[PDB]
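File shown: entry19.txt. Contents: compact mmCIF, C-alpha atoms and all ligand atoms.
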# COMPACT_ATOMS: atom_id res chain seq x y z
CA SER A 1 -12.14 -0.88 -21.72
CA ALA A 2 -11.54 -3.53 -19.04
CA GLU A 3 -13.49 -6.78 -19.47
CA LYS A 4 -15.55 -8.83 -17.02
CA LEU A 5 -15.98 -6.22 -14.26
CA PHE A 6 -18.83 -4.64 -16.19
CA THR A 7 -20.81 -7.79 -16.94
CA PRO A 8 -23.91 -8.94 -15.00
CA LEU A 9 -23.85 -11.46 -12.17
CA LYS A 10 -26.70 -13.27 -10.45
CA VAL A 11 -26.38 -12.79 -6.68
CA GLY A 12 -28.95 -14.86 -4.85
CA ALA A 13 -32.39 -13.31 -5.35
CA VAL A 14 -31.09 -10.34 -7.35
CA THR A 15 -29.00 -9.65 -10.43
CA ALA A 16 -26.10 -7.20 -10.33
CA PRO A 17 -25.42 -5.39 -13.64
CA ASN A 18 -21.69 -5.24 -12.90
CA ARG A 19 -19.16 -6.79 -10.52
CA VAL A 20 -17.99 -3.57 -8.90
CA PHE A 21 -19.47 -3.75 -5.39
CA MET A 22 -19.43 -1.18 -2.60
CA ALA A 23 -17.83 -2.65 0.54
CA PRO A 24 -19.54 -2.24 3.93
CA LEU A 25 -18.23 1.03 5.39
CA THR A 26 -18.80 2.31 8.92
CA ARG A 27 -19.09 6.12 8.73
CA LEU A 28 -20.57 6.88 12.17
CA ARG A 29 -22.95 9.66 11.14
CA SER A 30 -26.21 8.24 12.49
CA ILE A 31 -28.47 10.13 14.90
CA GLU A 32 -28.20 9.67 18.66
CA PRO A 33 -30.31 9.07 20.64
CA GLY A 34 -31.79 6.19 18.66
CA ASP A 35 -28.91 5.15 16.39
CA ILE A 36 -31.12 6.31 13.51
CA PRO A 37 -30.13 6.46 9.83
CA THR A 38 -30.41 9.97 8.37
CA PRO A 39 -31.51 11.69 5.15
CA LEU A 40 -27.83 12.52 4.61
CA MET A 41 -27.04 8.80 4.83
CA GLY A 42 -29.75 8.19 2.23
CA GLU A 43 -28.24 10.83 -0.04
CA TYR A 44 -24.83 9.17 0.34
CA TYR A 45 -26.14 5.72 -0.65
CA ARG A 46 -28.26 7.10 -3.49
CA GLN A 47 -25.15 8.73 -4.98
CA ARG A 48 -23.57 5.27 -5.15
CA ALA A 49 -26.57 3.37 -6.55
CA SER A 50 -24.80 2.42 -9.80
CA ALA A 51 -22.75 -0.11 -7.82
CA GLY A 52 -23.39 -3.72 -8.83
CA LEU A 53 -24.37 -4.11 -5.20
CA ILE A 54 -24.14 -1.73 -2.25
CA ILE A 55 -23.26 -3.38 1.05
CA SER A 56 -24.24 -1.03 3.89
CA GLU A 57 -22.21 0.08 6.88
CA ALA A 58 -22.31 -2.39 9.77
CA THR A 59 -25.70 -2.14 11.48
CA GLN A 60 -26.66 -3.35 14.96
CA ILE A 61 -29.05 -6.28 15.30
CA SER A 62 -29.90 -5.03 18.80
CA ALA A 63 -29.06 -2.29 21.31
CA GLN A 64 -26.61 -4.66 23.00
CA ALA A 65 -24.83 -5.11 19.65
CA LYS A 66 -23.73 -1.46 19.72
CA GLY A 67 -20.01 -0.78 19.99
CA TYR A 68 -19.56 2.52 18.12
CA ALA A 69 -21.30 5.86 18.68
CA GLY A 70 -22.89 6.86 15.39
CA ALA A 71 -23.37 3.35 13.99
CA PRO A 72 -27.00 2.67 12.97
CA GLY A 73 -29.26 -0.09 14.18
CA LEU A 74 -32.02 -2.15 12.60
CA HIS A 75 -33.95 -3.16 15.71
CA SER A 76 -36.31 -0.27 16.51
CA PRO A 77 -39.39 1.07 14.69
CA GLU A 78 -37.69 4.42 14.04
CA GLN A 79 -34.64 2.69 12.56
CA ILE A 80 -36.78 0.51 10.30
CA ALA A 81 -38.68 3.57 9.05
CA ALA A 82 -35.45 5.48 8.36
CA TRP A 83 -33.81 2.55 6.53
CA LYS A 84 -36.99 2.16 4.43
CA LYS A 85 -36.37 5.62 3.03
CA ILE A 86 -32.76 4.80 2.25
CA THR A 87 -33.45 1.56 0.40
CA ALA A 88 -36.28 3.26 -1.51
CA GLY A 89 -33.78 5.92 -2.57
CA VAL A 90 -31.34 3.31 -3.85
CA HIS A 91 -34.13 1.48 -5.67
CA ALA A 92 -35.39 4.74 -7.15
CA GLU A 93 -32.03 4.82 -8.92
CA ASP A 94 -32.28 1.14 -9.90
CA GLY A 95 -29.63 -0.02 -7.44
CA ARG A 96 -29.43 -2.96 -5.04
CA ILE A 97 -28.50 -2.80 -1.38
CA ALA A 98 -27.64 -5.33 1.30
CA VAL A 99 -27.52 -4.48 4.99
CA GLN A 100 -24.49 -5.74 6.89
CA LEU A 101 -25.66 -6.89 10.31
CA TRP A 102 -23.35 -7.15 13.31
CA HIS A 103 -22.95 -7.49 17.04
CA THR A 104 -19.69 -5.83 18.08
CA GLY A 105 -19.15 -8.06 21.09
CA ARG A 106 -16.06 -7.04 23.06
CA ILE A 107 -15.21 -4.21 20.64
CA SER A 108 -17.45 -1.84 22.59
CA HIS A 109 -17.59 0.37 25.68
CA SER A 110 -19.87 0.23 28.72
CA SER A 111 -21.01 3.83 28.24
CA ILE A 112 -22.95 2.89 25.09
CA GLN A 113 -24.26 -0.47 26.32
CA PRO A 114 -27.74 -0.93 27.78
CA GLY A 115 -27.70 0.21 31.40
CA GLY A 116 -24.07 1.22 30.96
CA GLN A 117 -23.02 -2.34 31.73
CA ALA A 118 -20.11 -4.39 30.41
CA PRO A 119 -20.38 -5.63 26.80
CA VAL A 120 -20.54 -9.37 26.03
CA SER A 121 -18.29 -11.85 24.22
CA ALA A 122 -17.29 -15.53 23.99
CA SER A 123 -14.96 -15.08 26.95
CA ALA A 124 -14.07 -12.36 29.46
CA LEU A 125 -10.97 -11.08 27.66
CA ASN A 126 -10.48 -7.40 26.81
CA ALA A 127 -9.93 -6.72 23.10
CA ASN A 128 -7.07 -4.40 24.07
CA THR A 129 -7.93 -1.93 21.32
CA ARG A 130 -10.12 1.15 20.98
CA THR A 131 -13.56 1.91 19.59
CA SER A 132 -15.18 5.19 18.59
CA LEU A 133 -17.50 7.20 20.83
CA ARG A 134 -18.58 10.83 20.57
CA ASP A 135 -17.84 13.79 22.85
CA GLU A 136 -20.07 16.42 24.41
CA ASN A 137 -20.26 18.14 21.03
CA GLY A 138 -20.99 15.00 19.03
CA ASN A 139 -17.47 14.72 17.65
CA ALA A 140 -15.91 11.27 17.16
CA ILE A 141 -13.33 10.26 19.77
CA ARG A 142 -11.27 7.13 20.43
CA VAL A 143 -11.67 5.21 23.68
CA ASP A 144 -10.17 1.98 25.06
CA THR A 145 -12.50 -1.02 24.83
CA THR A 146 -14.26 -2.22 27.99
CA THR A 147 -13.50 -5.71 29.32
CA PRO A 148 -16.38 -8.01 28.32
CA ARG A 149 -18.54 -10.46 30.24
CA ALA A 150 -18.61 -14.02 28.90
CA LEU A 151 -22.04 -14.89 27.52
CA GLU A 152 -23.85 -17.48 29.65
CA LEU A 153 -24.81 -20.66 27.77
CA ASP A 154 -28.48 -19.77 28.24
CA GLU A 155 -27.93 -16.36 26.62
CA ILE A 156 -26.83 -17.74 23.25
CA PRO A 157 -30.32 -18.55 21.97
CA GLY A 158 -31.12 -14.87 22.51
CA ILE A 159 -28.18 -13.78 20.37
CA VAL A 160 -29.34 -16.09 17.57
CA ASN A 161 -32.86 -14.72 17.89
CA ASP A 162 -31.57 -11.15 17.67
CA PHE A 163 -29.92 -11.93 14.33
CA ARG A 164 -33.12 -13.66 13.17
CA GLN A 165 -35.26 -10.67 14.14
CA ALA A 166 -32.85 -8.22 12.51
CA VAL A 167 -33.10 -10.11 9.22
CA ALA A 168 -36.90 -10.04 9.46
CA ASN A 169 -36.59 -6.29 9.99
CA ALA A 170 -34.19 -6.00 7.04
CA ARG A 171 -36.74 -7.63 4.76
CA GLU A 172 -39.45 -5.17 5.76
CA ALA A 173 -36.94 -2.32 5.50
CA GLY A 174 -36.64 -3.10 1.79
CA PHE A 175 -33.11 -4.49 1.70
CA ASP A 176 -32.37 -6.84 -1.20
CA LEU A 177 -29.97 -9.00 0.80
CA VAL A 178 -28.40 -9.24 4.24
CA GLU A 179 -24.71 -9.72 4.98
CA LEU A 180 -23.80 -11.32 8.30
CA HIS A 181 -20.69 -9.67 9.77
CA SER A 182 -18.64 -12.70 10.77
CA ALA A 183 -15.29 -10.95 10.37
CA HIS A 184 -12.85 -8.39 11.77
CA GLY A 185 -13.00 -9.58 15.38
CA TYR A 186 -16.62 -8.75 16.14
CA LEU A 187 -18.96 -11.10 18.03
CA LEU A 188 -19.26 -13.93 15.51
CA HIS A 189 -15.51 -13.85 14.79
CA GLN A 190 -14.84 -13.66 18.54
CA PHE A 191 -16.39 -17.12 18.85
CA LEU A 192 -14.69 -18.45 15.70
CA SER A 193 -11.17 -17.57 16.86
CA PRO A 194 -9.43 -19.59 19.58
CA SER A 195 -7.47 -16.47 20.59
CA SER A 196 -10.69 -14.79 21.73
CA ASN A 197 -12.63 -17.93 22.67
CA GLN A 198 -11.56 -19.93 25.73
CA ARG A 199 -14.98 -21.44 26.44
CA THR A 200 -15.21 -24.98 27.76
CA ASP A 201 -18.80 -25.66 26.72
CA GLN A 202 -20.01 -26.65 23.26
CA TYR A 203 -19.25 -23.18 21.87
CA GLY A 204 -15.52 -23.35 22.47
CA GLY A 205 -12.58 -25.63 21.80
CA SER A 206 -12.78 -27.53 18.51
CA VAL A 207 -13.40 -25.70 15.25
CA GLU A 208 -16.82 -27.39 15.17
CA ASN A 209 -17.63 -25.77 18.52
CA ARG A 210 -16.12 -22.41 17.60
CA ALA A 211 -18.17 -22.27 14.40
CA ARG A 212 -21.33 -23.47 16.15
CA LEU A 213 -22.70 -19.98 16.83
CA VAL A 214 -22.26 -18.51 13.37
CA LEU A 215 -23.79 -21.62 11.79
CA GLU A 216 -26.78 -21.48 14.15
CA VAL A 217 -27.20 -17.86 13.05
CA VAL A 218 -26.97 -18.74 9.35
CA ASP A 219 -29.59 -21.47 9.77
CA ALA A 220 -31.85 -19.13 11.72
CA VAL A 221 -31.72 -16.34 9.14
CA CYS A 222 -32.10 -18.71 6.18
CA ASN A 223 -35.25 -20.03 7.85
CA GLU A 224 -36.56 -16.56 8.69
CA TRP A 225 -36.16 -15.28 5.13
CA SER A 226 -34.55 -17.33 2.36
CA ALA A 227 -31.06 -18.72 1.75
CA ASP A 228 -30.79 -16.73 -1.49
CA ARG A 229 -31.15 -13.53 0.55
CA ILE A 230 -28.25 -14.35 2.86
CA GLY A 231 -24.62 -13.35 2.48
CA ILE A 232 -21.75 -13.60 4.94
CA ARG A 233 -18.48 -11.77 5.37
CA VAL A 234 -15.52 -13.60 6.87
CA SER A 235 -11.85 -12.72 7.44
CA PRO A 236 -10.55 -16.26 8.25
CA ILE A 237 -6.92 -15.78 7.20
CA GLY A 238 -4.54 -13.47 9.04
CA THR A 239 -4.88 -11.16 12.03
CA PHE A 240 -7.59 -8.50 12.41
CA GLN A 241 -8.46 -6.07 15.21
CA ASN A 242 -6.06 -8.02 17.43
CA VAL A 243 -8.13 -11.18 16.88
CA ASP A 244 -5.97 -13.80 15.20
CA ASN A 245 -7.37 -16.85 13.44
CA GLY A 246 -6.05 -20.02 15.07
CA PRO A 247 -2.81 -21.97 14.32
CA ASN A 248 -4.79 -24.01 11.79
CA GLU A 249 -6.47 -21.08 10.09
CA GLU A 250 -6.63 -22.60 6.59
CA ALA A 251 -8.10 -25.92 7.69
CA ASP A 252 -10.60 -24.19 9.99
CA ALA A 253 -11.51 -21.77 7.20
CA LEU A 254 -12.23 -24.57 4.75
CA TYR A 255 -14.35 -26.31 7.40
CA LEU A 256 -16.42 -23.17 7.87
CA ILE A 257 -16.85 -22.72 4.13
CA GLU A 258 -18.03 -26.29 3.54
CA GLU A 259 -20.62 -25.83 6.28
CA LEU A 260 -21.80 -22.54 4.80
CA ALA A 261 -22.08 -24.16 1.37
CA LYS A 262 -24.50 -26.74 2.78
CA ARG A 263 -26.98 -23.92 3.40
CA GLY A 264 -26.87 -22.74 -0.22
CA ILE A 265 -26.56 -19.08 0.72
CA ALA A 266 -26.31 -16.24 -1.79
CA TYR A 267 -22.68 -15.35 -1.26
CA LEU A 268 -19.36 -15.61 0.52
CA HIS A 269 -17.58 -12.28 1.05
CA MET A 270 -13.92 -12.60 1.96
CA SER A 271 -12.00 -9.76 3.59
CA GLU A 272 -8.48 -10.93 2.76
CA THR A 273 -6.44 -8.59 4.96
CA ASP A 274 -7.12 -5.96 7.61
CA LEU A 275 -6.17 -2.39 6.71
CA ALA A 276 -2.55 -2.89 7.73
CA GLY A 277 -0.22 -5.60 6.45
CA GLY A 278 -1.30 -9.13 5.58
CA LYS A 279 -0.09 -12.16 3.65
CA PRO A 280 -1.92 -12.51 0.31
CA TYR A 281 -4.21 -15.42 -0.56
CA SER A 282 -2.45 -18.06 -2.66
CA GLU A 283 -4.25 -19.17 -5.82
CA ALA A 284 -4.11 -22.67 -4.37
CA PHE A 285 -6.18 -21.48 -1.41
CA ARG A 286 -8.58 -19.56 -3.63
CA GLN A 287 -9.14 -22.80 -5.56
CA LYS A 288 -9.85 -24.74 -2.37
CA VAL A 289 -12.44 -22.14 -1.38
CA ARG A 290 -13.83 -22.02 -4.92
CA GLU A 291 -14.55 -25.77 -5.08
CA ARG A 292 -16.24 -25.71 -1.67
CA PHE A 293 -18.69 -22.83 -2.12
CA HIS A 294 -21.31 -22.92 -4.88
CA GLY A 295 -22.57 -19.36 -4.58
CA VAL A 296 -21.09 -15.97 -5.46
CA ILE A 297 -17.65 -15.21 -4.02
CA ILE A 298 -16.70 -11.59 -3.37
CA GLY A 299 -13.05 -10.63 -2.91
CA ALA A 300 -12.00 -7.58 -0.87
CA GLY A 301 -8.90 -5.86 0.47
CA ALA A 302 -6.83 -3.21 -1.32
CA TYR A 303 -8.06 -4.49 -4.67
CA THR A 304 -7.20 -2.77 -7.94
CA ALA A 305 -9.43 -3.16 -10.98
CA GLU A 306 -6.55 -5.09 -12.58
CA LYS A 307 -6.40 -7.60 -9.73
CA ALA A 308 -10.17 -7.98 -9.88
CA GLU A 309 -10.11 -8.65 -13.62
CA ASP A 310 -7.26 -11.12 -13.18
CA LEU A 311 -9.02 -13.16 -10.49
CA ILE A 312 -12.48 -13.01 -12.05
CA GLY A 313 -10.94 -14.05 -15.35
CA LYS A 314 -9.27 -17.00 -13.63
CA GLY A 315 -12.71 -17.92 -12.33
CA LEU A 316 -11.55 -17.75 -8.71
CA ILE A 317 -13.97 -15.02 -7.56
CA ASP A 318 -17.09 -13.43 -9.05
CA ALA A 319 -17.08 -9.84 -7.84
CA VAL A 320 -14.93 -7.37 -5.93
CA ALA A 321 -15.91 -5.05 -3.12
CA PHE A 322 -14.13 -1.69 -3.04
CA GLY A 323 -14.18 0.26 0.19
CA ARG A 324 -12.13 3.44 0.27
CA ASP A 325 -12.40 4.02 -3.49
CA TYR A 326 -16.17 4.03 -3.02
CA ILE A 327 -15.93 6.55 -0.20
CA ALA A 328 -14.23 8.97 -2.57
CA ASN A 329 -15.95 8.05 -5.85
CA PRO A 330 -19.76 7.75 -5.96
CA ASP A 331 -19.59 6.81 -9.65
CA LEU A 332 -16.69 4.40 -9.25
CA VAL A 333 -18.33 2.11 -11.82
CA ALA A 334 -18.26 4.77 -14.53
CA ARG A 335 -14.72 5.85 -13.63
CA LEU A 336 -13.31 2.32 -13.76
CA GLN A 337 -15.15 1.64 -17.02
CA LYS A 338 -13.85 4.84 -18.62
CA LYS A 339 -10.41 4.53 -17.01
CA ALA A 340 -10.94 7.99 -15.55
CA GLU A 341 -8.94 9.40 -12.66
CA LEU A 342 -10.42 9.07 -9.18
CA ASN A 343 -11.10 11.77 -6.60
CA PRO A 344 -8.42 11.87 -3.90
CA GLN A 345 -9.32 10.37 -0.53
CA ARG A 346 -9.76 12.47 2.61
CA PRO A 347 -9.19 9.99 5.50
CA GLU A 348 -9.80 12.54 8.27
CA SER A 349 -13.51 12.53 7.48
CA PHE A 350 -14.05 8.79 7.11
CA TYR A 351 -15.60 8.71 10.60
CA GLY A 352 -18.17 11.07 12.08
CA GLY A 353 -18.99 14.63 11.15
CA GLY A 354 -21.43 15.59 8.43
CA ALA A 355 -21.66 16.15 4.69
CA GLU A 356 -18.00 17.14 4.29
CA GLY A 357 -16.01 14.11 3.20
CA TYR A 358 -19.27 12.19 2.85
CA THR A 359 -21.58 13.47 0.08
CA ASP A 360 -18.72 15.83 -0.84
CA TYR A 361 -17.03 13.74 -3.53
CA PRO A 362 -18.25 14.70 -7.02
CA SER A 363 -19.28 12.38 -9.82
CA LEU A 364 -17.99 12.82 -13.36
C1 LIG B 401 -13.83 3.98 7.02
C2 LIG B 401 -13.94 2.45 6.99
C3 LIG B 401 -14.97 1.77 7.58
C4 LIG B 401 -15.13 0.32 7.51
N1 LIG B 401 -16.27 -0.26 7.99
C5 LIG B 401 -16.52 -1.53 7.68
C6 LIG B 401 -17.85 -2.10 7.86
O1 LIG B 401 -18.76 -1.49 8.43
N2 LIG B 401 -17.87 -3.47 7.87
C7 LIG B 401 -16.78 -4.32 7.48
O2 LIG B 401 -17.02 -5.49 7.34
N3 LIG B 401 -15.62 -3.73 7.05
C8 LIG B 401 -15.51 -2.40 7.05
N4 LIG B 401 -14.38 -1.79 6.55
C9 LIG B 401 -13.51 -2.60 5.68
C10 LIG B 401 -13.92 -2.43 4.22
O3 LIG B 401 -15.14 -3.08 3.91
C11 LIG B 401 -12.83 -3.01 3.29
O4 LIG B 401 -12.74 -4.46 3.47
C12 LIG B 401 -11.47 -2.36 3.44
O5 LIG B 401 -11.60 -0.91 3.39
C13 LIG B 401 -10.43 -2.79 2.44
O6 LIG B 401 -10.88 -2.46 1.11
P1 LIG B 401 -10.33 -1.21 0.31
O7 LIG B 401 -8.84 -1.36 0.18
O8 LIG B 401 -11.00 -1.39 -1.09
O9 LIG B 401 -10.76 0.04 1.01
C14 LIG B 401 -14.09 -0.41 6.80
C15 LIG B 401 -12.95 0.29 6.33
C16 LIG B 401 -12.86 1.69 6.34
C17 LIG B 401 -11.66 2.38 5.74
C1 LIG B 402 -15.30 -3.94 10.02
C2 LIG B 402 -15.01 -2.59 10.61
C3 LIG B 402 -15.97 -1.95 11.42
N1 LIG B 402 -17.22 -2.66 11.73
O1 LIG B 402 -18.32 -2.12 11.47
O2 LIG B 402 -17.16 -3.75 12.19
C4 LIG B 402 -15.83 -0.72 11.98
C5 LIG B 402 -14.63 -0.11 11.74
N2 LIG B 402 -14.45 1.19 12.35
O3 LIG B 402 -13.28 1.55 12.48
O4 LIG B 402 -15.42 1.84 12.65
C6 LIG B 402 -13.63 -0.63 10.98
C7 LIG B 402 -13.85 -1.87 10.41
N3 LIG B 402 -12.77 -2.40 9.55
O5 LIG B 402 -12.30 -1.66 8.72
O6 LIG B 402 -12.41 -3.55 9.70
Would you kindly transcribe this structure into structure tokens?
Amino acid sequence: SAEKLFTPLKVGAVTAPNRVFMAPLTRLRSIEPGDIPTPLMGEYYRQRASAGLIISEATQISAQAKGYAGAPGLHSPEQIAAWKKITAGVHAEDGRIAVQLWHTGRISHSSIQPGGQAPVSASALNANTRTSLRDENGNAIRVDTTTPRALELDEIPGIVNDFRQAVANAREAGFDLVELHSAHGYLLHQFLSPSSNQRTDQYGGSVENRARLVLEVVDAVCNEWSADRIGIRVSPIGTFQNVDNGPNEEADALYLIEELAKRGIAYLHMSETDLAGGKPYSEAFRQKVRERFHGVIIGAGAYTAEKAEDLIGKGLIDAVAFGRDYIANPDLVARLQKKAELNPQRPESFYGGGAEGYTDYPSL
């Protein structure tokens, strides 16, 4: 039965028939060389086209943005052509799909960077974590992150332009919306957080300076396409991928949100907690966010349909993005609507490999 989860919602330029969204999910099955999406990837997304909105796996805005072997890009002609087939497949099934665009920053390794050089970031501080590469046989492997080089002030306009160009490419690729990856400790978040940003120029220090980059990017992409085509994912509260939001995380978060609201973008996607522990959002905080953003708000992070219904009913959020449940259930919408049991998850195949654990999960 449920209630609001299966009712339409206007999301920027498109209209979702339900509020059950598919969270962006890195699966690392793209073709190398070229970081090219595959027919298998298209099959996978097509199977999940009943989602109110599909948010794609993180996709590189440039070659430099690459941090994981197997992650696709949206910067080359071959990538654009391959993505065009995928979006057409989703649309053939009457679905909607947004491409999540990212620059991994310091969460990368020199071996997959242009020229095999050090990756870039706000400052020259190692992320002290690991990323995923592939071995001689194309199998996914874990490797310690390479220490980054701090972007030169004169290099920032280039980063902004790369996001702008990627969005232009997304539009031609047939995507309905674009979601800027400003969360989980990747490049944009690296600048936002004081723990990963020790810059002394105008891109470091105060929250205004730390949010300068992401806002420049938002303005650039809104100008390139249209504000109602732009979405953004943030993870402003708590600790993620070792990157911790400052000592004034709530205040800084509300500052960022008010700035984003001024651009009138399509939506605000909030990743509430990493994959491990994390303090839950208080309704008081959800209200403060709610009154500051006038577009669609998407909640995410170990959500249950019940929690989604509760929060949507309270008018605090508009939709919910499910990640792992979508990996294992292509027809999650139908299952949640019918209160049917879900397929069990197979974590060992979340990353890399082929069809097994990917297009493997049956629909009702
Ligand atoms: C295999 C896997 C890959 C992920 N890749 C991405 C992604 O590309 N971009 C991102 O923003 N978050 C990513 N996430 C986080 C999910 O979007 C989501 O926020 C998280 O899984 C929590 O939601 P869930 O409990 O419904 O799965 C990933 C998580 C998993 C398990
Ligand atoms: C957000 C995210 C990833 N990403 O694309 O930025 C990649 C991940 N991974 O392990 O490949 C995991 C991510 N996550 O769950 O936060």
- Cut-off 10 Å, all atoms listed in the file, neighbours of ligand LIG 401 (chain B) as a PyMOL selection string: chain A and resi 21-28+55-59+71+99-102+179-186+232-235+269-276+299-304+320-327+347-352
- Item | Residue nearest residue 224 of chain A - candidates A:169, A:50, A:209, A:190, atoms counted: all atoms listed in the file |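 When distances to residue 224 of chain A are compared using all atoms listed in the file, the smallest one comes from A:169.
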- Message: (-18.8, 2.8, 26.8) in this file's frame - what residues fall within 12 Å of it? Use only C-alpha atoms and give the answer as a ChimeraX atom specification.
- Response: /A:64,66-69,106-119,130-135,141-148
- Query: When you draw a straight line from atom CA of residue 286 of chain A to atom CA of residue 263 of chain A, how long is it in Å?
  - Reply: 20.2 Å
- Query: At what distance in Å, to one decimal, does atom CA of residue 53 of chain A lie from atom CA of residue 16 of chain A?
  - Reply: 6.2 Å
- Message: Using all atoms listed in the file, can you tell me which of A:123, A:329, A:226, A:18 comes closest to residue 358 of chain A?
- Response: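 Closest candidate: A:329.
Between atom CA of residue 19 of chain A and atom CA of residue 175 of chain A the separation is 18.7 Å.
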- Item | Contacts of residue 227 of chain A at 8 Å (all atoms listed in the file; same-chain gap of 2+ positions) as a PyMOL selection string | chain A and resi 12+221-223+225+229-230+263-266
- Message: Counting only C-alpha atoms and all ligand atoms, which residue out of A:192, A:257, A:65, A:218 sits closest to ligand LIG 402 (chain B)?
- Response: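 Closest to ligand LIG 402 (chain B) of all the choices is A:65.
Counting all atoms listed in the file, the residue from A:243, A:217, A:268, A:153 that sits nearest to ligand LIG 402 (chain B) is A:243.
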- Test item: residues at most 9 Å from segment 93-95 of chain A, only C-alpha atoms, excluding those fewer than 5 positions along its chain, as a list in words: residues 16, 46, 47, 48, 49, 50, 51, 52, 53, 54, 87 and 88 of chain A
- Task: Find the spatial neighbours of residue 258 of chain A, counting all atoms listed in the file, within a cut-off of 7 Å - ignore same-chain residues fewer than 3 positions away - and output them as a list in words.
- Result: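 Using all atoms listed in the file, the neighbours found are residues 254, 255, 261, 262, 292 and 293 of chain A.
Nearest to ligand LIG 402 (chain B) of all the residues A:83, A:240, A:191, A:163 is A:240, counting all atoms listed in the file.
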Atoms added to segment 202-214 of chain A (N, CA, C and O atoms), reported as a PDB file, keeping the file's coordinate frame:
ATOM      1  N   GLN A 202     -19.976 -26.283  24.671  1.00  0.00           N
ATOM      2  CA  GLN A 202     -20.010 -26.650  23.260  1.00  0.00           C
ATOM      3  C   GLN A 202     -19.782 -25.517  22.269  1.00  0.00           C
ATOM      4  O   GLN A 202     -19.844 -25.735  21.064  1.00  0.00           O
ATOM      5  N   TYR A 203     -19.502 -24.314  22.761  1.00  0.00           N
ATOM      6  CA  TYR A 203     -19.250 -23.180  21.870  1.00  0.00           C
ATOM      7  C   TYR A 203     -17.786 -22.776  21.851  1.00  0.00           C
ATOM      8  O   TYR A 203     -17.425 -21.726  21.316  1.00  0.00           O
ATOM      9  N   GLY A 204     -16.943 -23.626  22.429  1.00  0.00           N
ATOM     10  CA  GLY A 204     -15.520 -23.350  22.470  1.00  0.00           C
ATOM     11  C   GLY A 204     -14.718 -24.624  22.316  1.00  0.00           C
ATOM     12  O   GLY A 204     -15.248 -25.723  22.507  1.00  0.00           O
ATOM     13  N   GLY A 205     -13.443 -24.478  21.967  1.00  0.00           N
ATOM     14  CA  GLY A 205     -12.580 -25.630  21.800  1.00  0.00           C
ATOM     15  C   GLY A 205     -12.324 -25.988  20.345  1.00  0.00           C
ATOM     16  O   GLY A 205     -11.569 -25.303  19.649  1.00  0.00           O
ATOM     17  N   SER A 206     -12.950 -27.066  19.887  1.00  0.00           N
ATOM     18  CA  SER A 206     -12.780 -27.530  18.510  1.00  0.00           C
ATOM     19  C   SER A 206     -13.332 -26.507  17.532  1.00  0.00           C
ATOM     20  O   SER A 206     -14.113 -25.634  17.908  1.00  0.00           O
ATOM     21  N   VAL A 207     -12.923 -26.621  16.274  1.00  0.00           N
ATOM     22  CA  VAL A 207     -13.400 -25.700  15.250  1.00  0.00           C
ATOM     23  C   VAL A 207     -14.912 -25.897  15.090  1.00  0.00           C
ATOM     24  O   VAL A 207     -15.643 -24.943  14.810  1.00  0.00           O
ATOM     25  N   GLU A 208     -15.384 -27.126  15.281  1.00  0.00           N
ATOM     26  CA  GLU A 208     -16.820 -27.390  15.170  1.00  0.00           C
ATOM     27  C   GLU A 208     -17.558 -26.555  16.213  1.00  0.00           C
ATOM     28  O   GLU A 208     -18.585 -25.942  15.923  1.00  0.00           O
ATOM     29  N   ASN A 209     -17.028 -26.536  17.432  1.00  0.00           N
ATOM     30  CA  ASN A 209     -17.630 -25.770  18.520  1.00  0.00           C
ATOM     31  C   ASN A 209     -17.502 -24.266  18.314  1.00  0.00           C
ATOM     32  O   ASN A 209     -18.434 -23.510  18.593  1.00  0.00           O
ATOM     33  N   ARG A 210     -16.345 -23.829  17.827  1.00  0.00           N
ATOM     34  CA  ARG A 210     -16.120 -22.410  17.600  1.00  0.00           C
ATOM     35  C   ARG A 210     -16.995 -21.849  16.483  1.00  0.00           C
ATOM     36  O   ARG A 210     -17.362 -20.676  16.507  1.00  0.00           O
ATOM     37  N   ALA A 211     -17.334 -22.692  15.512  1.00  0.00           N
ATOM     38  CA  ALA A 211     -18.170 -22.270  14.400  1.00  0.00           C
ATOM     39  C   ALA A 211     -19.648 -22.528  14.677  1.00  0.00           C
ATOM     40  O   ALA A 211     -20.511 -22.158  13.881  1.00  0.00           O
ATOM     41  N   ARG A 212     -19.943 -23.150  15.814  1.00  0.00           N
ATOM     42  CA  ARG A 212     -21.330 -23.470  16.150  1.00  0.00           C
ATOM     43  C   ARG A 212     -22.262 -22.263  16.124  1.00  0.00           C
ATOM     44  O   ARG A 212     -23.323 -22.310  15.500  1.00  0.00           O
ATOM     45  N   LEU A 213     -21.868 -21.178  16.782  1.00  0.00           N
ATOM     46  CA  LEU A 213     -22.700 -19.980  16.830  1.00  0.00           C
ATOM     47  C   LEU A 213     -23.033 -19.404  15.462  1.00  0.00           C
ATOM     48  O   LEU A 213     -24.204 -19.246  15.118  1.00  0.00           O
ATOM     49  N   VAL A 214     -22.009 -19.086  14.679  1.00  0.00           N
ATOM     50  CA  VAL A 214     -22.260 -18.510  13.370  1.00  0.00           C
ATOM     51  C   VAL A 214     -23.151 -19.399  12.509  1.00  0.00           C
ATOM     52  O   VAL A 214     -24.027 -18.897  11.805  1.00  0.00           O
TER      53      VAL A 214
END
